[PDB]
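Student: Okay, here's the structure, questions in a sec.
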Amino acid sequence: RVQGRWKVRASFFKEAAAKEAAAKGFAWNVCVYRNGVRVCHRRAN
């Protein structure tokens with residue numbers, strides 16, 4: 001089977017030409033499950 005969970009990241013690689021807002025402060029949040037809680041911090045960009 002092919003998983004689409006991450007495949008959507010490859011799909012939006014084409015839509016990543018609109019990255020004008022994604023140049024700084026769009027999807028640069030590092031979200032991880034820290035002790036059960038989904039925590040996000042900003043990448044150094």
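A note on labels: chains of the structure tokens are A, B, ... as shown, every chain counts residues from 1, and ligands are counted from 1 in their shown order.
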Mind checking which residues fall within 12 Å of stretch 33-43 of chain A, counting only C-alpha atoms, ignoring those fewer than 3 positions away in the same chain, and posting them as a PyMOL selection string?
Tutor: chain A and resi 22-30
Student: Using atom CA of residue A:19 and atom CA of residue A:6 as the two end points, give the distance in Å to one decimal.
Tutor: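 About the pair atom CA of residue A:19 and atom CA of residue A:6: they are 18.6 Å apart.
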Student: Based on DSSP run over this structure's backbone, return all residues of chain A in strand (DSSP E), as a list in words.
Tutor: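 Written out, the strand (DSSP E) residues of chain A are residues 29, 30, 31, 32, 33, 34, 37, 38, 39, 40, 41 and 42 of chain A.
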Student: Using backbone DSSP assignments, extract all helix (DSSP H, G or I) residues from chain A; output them as a PyMOL selection string.
Tutor: chain A and resi 7-11+15-18
